[PDB]
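Note sheet for the following structure.
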Amino acid sequence: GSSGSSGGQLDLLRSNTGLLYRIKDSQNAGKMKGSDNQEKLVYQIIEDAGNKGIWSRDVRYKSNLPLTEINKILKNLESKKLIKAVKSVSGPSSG
């Protein structure tokens, strides 16, 4: 009774994810300023990531907000000094 059957074929294409984001601390954060809900919905997704962090593309999908919005939100929390942005050194493997 062997399971076996693992994998088959893989055809990936060269693509880019973007930038990574993360929340700052887990206590000093709960005042906000600008967006109330539109922002609270973002900080929630970024916070859930913890150390793994969430890409601007991912947090955008779960947030269901357009770049025009996320662009302001991601920048909002930043100025508030509530979150911490993290830039990747090398997204793809083939360097």
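If you're wondering about the labels, chains in the structure tokens are A, B, ... by order shown, residues count from 1 in each chain, ligands from 1 in order shown.
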Could you write out, as number ranges by chain, all the residues of chain A that DSSP marks as alpha helix (DSSP H)?
A: 37-49, 56-63, 67-80
Selected residues written out, C-alpha atoms, as a PDB file, in the first residue's frame:
ATOM      1  CA  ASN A  37     -11.689  51.002   7.870  1.00  0.00           C
ATOM      2  CA  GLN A  38      -9.854  51.162   4.543  1.00  0.00           C
ATOM      3  CA  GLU A  39      -6.664  51.192   6.613  1.00  0.00           C
ATOM      4  CA  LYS A  40      -7.707  48.828   9.404  1.00  0.00           C
ATOM      5  CA  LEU A  41      -8.359  46.227   6.705  1.00  0.00           C
ATOM      6  CA  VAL A  42      -4.764  46.532   5.499  1.00  0.00           C
ATOM      7  CA  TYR A  43      -2.941  46.579   8.834  1.00  0.00           C
ATOM      8  CA  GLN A  44      -4.866  43.400   9.640  1.00  0.00           C
ATOM      9  CA  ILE A  45      -3.496  41.545   6.616  1.00  0.00           C
ATOM     10  CA  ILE A  46       0.035  42.841   7.178  1.00  0.00           C
ATOM     11  CA  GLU A  47      -0.115  42.010  10.886  1.00  0.00           C
ATOM     12  CA  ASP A  48      -1.255  38.445  10.208  1.00  0.00           C
ATOM     13  CA  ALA A  49       1.940  38.003   8.193  1.00  0.00           C
ATOM     14  CA  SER A  56       1.983  44.633  -1.845  1.00  0.00           C
ATOM     15  CA  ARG A  57       0.354  42.324  -4.391  1.00  0.00           C
ATOM     16  CA  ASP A  58      -0.923  39.879  -1.771  1.00  0.00           C
ATOM     17  CA  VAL A  59      -2.185  42.463   0.719  1.00  0.00           C
ATOM     18  CA  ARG A  60      -3.913  44.086  -2.254  1.00  0.00           C
ATOM     19  CA  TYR A  61      -5.819  40.952  -3.258  1.00  0.00           C
ATOM     20  CA  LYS A  62      -7.057  40.242   0.267  1.00  0.00           C
ATOM     21  CA  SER A  63      -7.837  43.940   0.699  1.00  0.00           C
ATOM     22  CA  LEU A  67      -3.268  50.218  -6.595  1.00  0.00           C
ATOM     23  CA  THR A  68      -4.494  53.812  -6.389  1.00  0.00           C
ATOM     24  CA  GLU A  69      -5.778  52.977  -2.908  1.00  0.00           C
ATOM     25  CA  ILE A  70      -3.132  50.596  -1.568  1.00  0.00           C
ATOM     26  CA  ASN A  71      -0.521  53.080  -2.785  1.00  0.00           C
ATOM     27  CA  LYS A  72      -1.927  55.609  -0.316  1.00  0.00           C
ATOM     28  CA  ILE A  73      -2.630  53.120   2.472  1.00  0.00           C
ATOM     29  CA  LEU A  74       0.780  51.435   2.450  1.00  0.00           C
ATOM     30  CA  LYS A  75       2.263  54.937   2.536  1.00  0.00           C
ATOM     31  CA  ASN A  76      -0.136  56.115   5.242  1.00  0.00           C
ATOM     32  CA  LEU A  77       0.758  53.511   7.868  1.00  0.00           C
ATOM     33  CA  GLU A  78       4.414  54.156   7.039  1.00  0.00           C
ATOM     34  CA  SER A  79       4.277  57.855   7.919  1.00  0.00           C
ATOM     35  CA  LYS A  80       2.359  56.940  11.074  1.00  0.00           C
TER      36      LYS A  80
END
Strand (DSSP E) per DSSP on the backbone: members of chain A, as a list in words:
residues 20, 21, 22, 23, 54, 55, 83, 84, 85 and 86 of chain A
Give me the residues within 7 Å of stretch 24-32 of chain A as a VMD selection string, counting only C-alpha atoms and dropping any in the same chain fewer than 6 places off.
chain A and resid 82 to 84
What would the file look like if the residues just selected were written as a CSV table (one decimal), in the first residue's frame with N, CA and C atoms?
chain,number,residue,atom,x,y,z
A,82,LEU,N,3.7,53.1,12.2
A,82,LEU,CA,3.1,51.9,12.8
A,82,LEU,C,3.6,50.6,12.2
A,83,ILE,N,4.0,50.7,11.0
A,83,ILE,CA,4.5,49.5,10.3
A,83,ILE,C,5.9,49.7,9.8
A,84,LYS,N,6.5,48.6,9.2
A,84,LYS,CA,7.9,48.7,8.8
A,84,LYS,C,8.0,48.0,7.4
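Among A:89, A:54, A:65, A:10, the residue with the shortest atom-to-atom distance to residue A:22, counting only C-alpha atoms, is A:54.
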Expressed in Å, the length from atom CA of residue A:16 to atom CA of residue A:88 is 11.4 Å
